[PDB]
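Here you get one chain, nothing else, as structure tokens; it is the form deposited in one PDB entry.
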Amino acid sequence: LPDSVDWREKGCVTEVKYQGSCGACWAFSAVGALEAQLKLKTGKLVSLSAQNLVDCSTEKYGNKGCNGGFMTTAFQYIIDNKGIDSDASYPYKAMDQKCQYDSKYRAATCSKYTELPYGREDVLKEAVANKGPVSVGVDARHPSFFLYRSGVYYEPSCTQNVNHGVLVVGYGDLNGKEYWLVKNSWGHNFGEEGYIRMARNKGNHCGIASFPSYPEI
């Protein structure tokens, strides 16, 4: 496998989004994953509608809109619905709305998704190198996460119990300190232009490899 991977360099990652006061991290993680696959499968990169997921991937998928959700079941909604709209056509409003999906504005599809085995940072690495960005859950419930500015993030109080959906878009090392390159959805003023480099191969730090999944077009 490559020593470092950064899918931003392949034009597979859109601009970091600003979720506002809506707990839609799961929906951003999920669209971010499928955005990469769109680019890989079609050569087109188009930000996809996180709002579509918030509004439409609801009770049946175990999701509660601005009150949280799951990336896997967001992918299943996209599978079931045979599409998801572009962000531009169905823009993000940081709130719960009536479902307003329109097949006319479909910008991507999803045929399947794959769940990675619990805690396997090695398998996550392989998936990232060979499949694309991977949706993951992390334990972000720590001031250090919220306040992250730069460098490789390590929080000794982290557990493997996830509560925040983010997107692993790469991995590397910072002068030998290995990291996951994580795209968050708290605006580009969070971290390093909206990214956080999270400790890699430090015992499933903050649950990053607890529940990885990636969709396919």
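Note that residue numbering begins at 1 and tracks the sequence as displayed.
Just so you know, the form deposited with a small molecule bound exists too; it's not on screen, but the next bit is about it.
**Student:** Quick check for you: of 83-91, 140-148, 98-106, 123-131, which stretch puts a non-hydrogen atom within 4.5 Å of the small molecule in the deposited bound form?
**Tutor:** It is the stretch 140-148.
**Student:** Please check if residue 49 has a heavy atom lying within 4.5 Å of any heavy atom of the small molecule in the deposited bound form.
**Tutor:** Looking in the deposited bound form, residue contacts with the small molecule do not include residue 49, since no heavy atom lies within 4.5 Å.
**Student:** Though only this chain appears here, would residue 189 touch the small molecule in the deposited bound form if you measure heavy atom gaps against 4.5 Å?
**Tutor:** Residue 189 belongs to the contact set for the small molecule.
**Student:** Contact between residue 11 and the small molecule in the deposited bound form at 4.5 Å, heavy atoms?
**Tutor:** Taking the distances in the deposited bound form, the answer for residue 11 is no, it never comes within 4.5 Å of the small molecule.
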